[PDB]
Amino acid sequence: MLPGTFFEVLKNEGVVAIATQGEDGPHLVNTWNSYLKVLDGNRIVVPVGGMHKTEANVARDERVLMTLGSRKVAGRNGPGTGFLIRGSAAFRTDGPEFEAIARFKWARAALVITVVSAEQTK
């Protein structure tokens, strides 16, 4: 369901934000546009170095939100666009999904987000 415009955004660098539900409010961490690996089946894979609090939150509630964008991709009303992604998260430490980001020597896991919806918010 990820649209072409989303893939255009990925051709440009930027800060990706991933929100999870914490015990006393939301938690928010980041990665880079260039680090995302998209696999068939609506899967976005993120290389995990830290994200220990994020992983703990996902264990209690798999639902996460992700935003990303680029000023270099045209939006509906002018330069720049971005997306709000909603999906379920899981942490993999072996298999094809981990190998997808194993190139990062510091990776301890792969954060796999299965997309349920993708909205272009600009």
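Sequential numbering from 1, following the sequence displayed.
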Quick check: 58-66 versus 35-43, which has the larger average CA B-factor in the record?
35-43
Could you settle it for me: does 20-28 or 107-115 have the higher average Cα B factor in the PDB entry?
20-28
Just to confirm, going by the entry's C-alpha B-factors, which of 79, 87, 49, 82 comes out highest?
79
Sorting the chain's CA B-factors, does residue 10 end up in the lowest, middle or highest third?
middle
